[PDB]
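FYI, it's all coordinate maths here, none of it is from the lab. Neighbour counts are summed over all protein chains in view; Cβ atoms, including those assigned to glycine, are modelled from backbone coordinates with ideal geometry.
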Amino acid sequence: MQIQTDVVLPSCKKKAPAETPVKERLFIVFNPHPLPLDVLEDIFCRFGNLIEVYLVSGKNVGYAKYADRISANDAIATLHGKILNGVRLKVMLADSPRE
DNA sequence: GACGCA
């Protein structure tokens, strides 16, 4: 669906198959509150090769898992610092969950 | 602004 934003977004793309191995994960910070899950998938699928987006309940953060590094880096370049549906995003390479 | 609710 159309996103309320003045950012020029690519068209929606198919997600990657669910069992595709992750090649890059993004860390997302929301201000002032998180976006709905279906809206987040809408935004992040447009860069291609999206596996899934998920949220951390009770916090203003989420993650986006990509099957392709170029797609994930395009999401960073296009979305970091922008306002989508009234929410300012920070989008960056995530720290690994473990050593 | 940090590790996937009820």
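Take A:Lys14 and A:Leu93, extend 7 Å from each Cα along the Cα→Cβ direction, and tell me the distance between the two endpoints in nm.
About 2.9 nm separates the two model spin labels.
Determine which residues of segment A:37-79 fall in the zone a paramagnetic label at A:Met1 would reach in this model, i.e. backbone nitrogen under 14 Å from the point 7 Å along Cα→Cβ.
A:37-43
Could you give the length gained by full extension between A:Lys23 and A:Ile70, i.e. 0.36 nm per residue of separation minus their alpha carbon distance, to one decimal place?
15.9 nm
What trypsin sites (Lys or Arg not before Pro) in segment A:47-90 are in a loop by DSSP, with at most 14 other Cβ atoms within 10 Å of the Cβ?
Those that pass, being in a loop and sparsely packed, are A:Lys59.
Sticking with the crude label model, points 7 Å out along Cα→Cβ, report the distance from A:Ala77 to A:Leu37 in nm, one decimal please.
Taking the simple label geometry, A:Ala77 and A:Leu37 are separated by 3.1 nm.
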